[PDB]
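# An overview of the molecular structure
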Amino acid sequence: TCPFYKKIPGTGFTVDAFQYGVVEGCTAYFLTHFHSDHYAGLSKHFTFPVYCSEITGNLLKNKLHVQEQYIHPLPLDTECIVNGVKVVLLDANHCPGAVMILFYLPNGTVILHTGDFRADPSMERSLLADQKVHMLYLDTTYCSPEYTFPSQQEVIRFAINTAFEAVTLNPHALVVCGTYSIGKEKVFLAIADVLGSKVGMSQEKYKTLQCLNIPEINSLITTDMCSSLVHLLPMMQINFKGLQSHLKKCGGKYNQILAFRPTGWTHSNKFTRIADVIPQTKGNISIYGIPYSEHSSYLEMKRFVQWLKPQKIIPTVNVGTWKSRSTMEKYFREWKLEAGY
Ligand code: NI
């Protein structure tokens, strides 16, 4: 049954709560973003009202075949009413169409649900500034001090300079970028732009990208593998084996691959600065592991919560073991001591 942490007290609302069948007392289902753990259970057979961003609504319609009559898209940074309750959607700095939701409760309580987010100081100057937030439902994916990572921009700059060099040294080289769902599109679009190329990809992935309201999108992507010097493949195919195989299917247009695997965090974040990164090479194939995260580092999360000063915190990630629950509680206590709220 639907956990307490996916229900908003005093409303008929749930968030990201689609895998329990019909939730008793829910008059509206909110969806923060289009990742499968969050939308799990939604299909053409769903017949209740779903609220979400415009981008998320395009993906539900076109990828999950949710009928249009049940989809209610809302604009961002805009005061809206849903079943008698004032709400605002804000940009979550996560994947395309990902949102945080501010609910203004009839009793005067204000609740912020972050969805999945990567905290940034620009959120300290949004509509969140205007009033006191009482409860925070927090994306706690990396809530532990060992989780450090560079900025998105540092990683992108590295990937650009690395690709430009390789293809200038060898213009018959091919750049490949791993992907598995939406997110991290900036990695491949930024590289394709420095090389002055479109990005080539499968039909399925091209369709997904067409849902994301990217301006000038038709000038940036293609299914033509032969005209194109950046290709996308699934993350699991980014190994020497799978890259050699792919190279054999471009029709003798390229003789080399440089590939990127933008991953979350792994054990080599503690030591290696982005400037120190070197690839694994086998013959005419090179693979770079780059830590491109769409979730808050420990320090980014701590700063955000210390600025916001919520009266109560409810975690939404790593909540299934008592050990994680207990550990996260200890960090929230500390954060509250040190900042005095
Ligand atoms: Ni996500």
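Cut-offs and rules
Residues numbered from 1 in each chain as written, not as in the entry; some residues may be left out. Heavy atoms only, no water. Residues with missing side-chain atoms left out of burial classes, pairs and counts. Donors = N, O, S within 2.8 Å, 3.2 Å for Na, K, Ca; no water. Tetrahedral: all angles 85-135°; square planar, octahedral: opposite > 155°, others 65-115°. Buried < 20%, exposed > 50% of the residue type's maximum accessible area, 1.4 Å probe, protein only. Pairing = 2+ DSSP bridges. Helix = DSSP H or I, 4+ residues; strand = E, 2+ residues; numbered from the N terminus. Contact = heavy atoms within 4.5 Å. Axes fitted to C-alpha atoms, helices over the stretch in contact; angles between N-to-C directions. Salt bridge = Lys/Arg side-chain N within 4 Å of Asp/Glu carboxyl O. Core = buried A, V, L, I, M, F, W, Y, C linked by side-chain atoms within 4.5 Å.

The record lists X-ray crystallography as the method behind this PDB entry and 2.0000 Å as its resolution.

Labelled according to the PDB entry, the chain appears under the name DCLRE1A, originating from Homo sapiens. The title given for this PDB entry is "PanDDA analysis group deposition -- Crystal Structure of DCLRE1A after initial refinement with no ligand modelled (structure 180)".

## What about the coordination of the nickel ion?
For the nickel ion, the full set of protein donor atoms is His33 (NE2), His35 (ND1), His94 (NE2) and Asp116 (OD), and the range of their distances to it is 2.3 to 2.4 Å. Around the nickel ion, the four donor atoms are arranged such that angles at the metal cover 91 to 171°; this shape is classified as irregular. For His35, a relative accessible area of 14% translates into the label buried.

## Observations regarding the sheet that holds strand 14 (residues 256-263)
Strands sit in the order 12-11-13-10-14-16-15 across an open sheet of seven strands; the sheet is mixed. Sheet topology places strand 12 (221-222) and strand 15 (280-282) at the edges, where each strand pairs with a single neighbour. Pairing of strand 15 with strand 16 (residues 285-291), which is carried by three bridges, proceeds in the antiparallel orientation. Its bridge partner being in strand 16, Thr281 is matched across the sheet by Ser286. Across the sheet, helix 6 (residues 240-247) is in contact with strand 10 (173-179), strand 13 (230-234), strand 14, strand 15 and strand 16; its angle to strand 16 comes to roughly 125°.

## Quick word on the pattern of salt bridges
Enumeration over the complete set of coordinates arrives at five salt bridges. Here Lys86 makes a salt bridge to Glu79, at a shortest N to O gap of 3.2 Å. With a relative accessible area of 29%, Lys86 lands in the partly exposed category. Since its relative accessible area comes to 52%, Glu79 is described here as exposed. Note that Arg303 and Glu124 form a salt bridge whose closest N and O atoms lie 2.9 Å from each other. Of this pair, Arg303 sits in helix 7 (residues 298-308) while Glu124 is found in the loop between strand 8 (110-113) and strand 9 (135-138), placing the two residues 179 residues apart along the sequence. Look at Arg303 and you get partly exposed, because its relative accessible area is 45%.

## Notes on the nonpolar core
In terms of nonpolar packing, the biggest core is built from 102 residues, with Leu60, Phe103, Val175 and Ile191 touching the most fellow members. For this core, the element with the most residues is helix 3 (residues 152-169), which contributes eight residues. When neighbours within four sequence positions are excluded, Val175 is seen to be in contact with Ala163, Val167, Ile191, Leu195, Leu229, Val230, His231, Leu258 and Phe260. One finds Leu243, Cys250, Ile257 and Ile285 within the second-largest nonpolar core, a separate group that totals 12 residues.

## What about unusual backbone geometry?
The backbone of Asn83 sits at a positive phi, close to 50°, despite the residue not being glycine. Note that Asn83 resides in the loop between strand 5 (80-82) and strand 6 (85-91). Taking the relative accessible area as the measure of exposure, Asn83 reaches 47% and is therefore partly exposed. Of note in this structure, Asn213 is not a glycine but carries a positive phi near 55°. By the secondary structure assignment, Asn213 is in the loop between helix 5 (203-210) and strand 12. What makes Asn213 partly exposed here is its relative accessible area of 46%.

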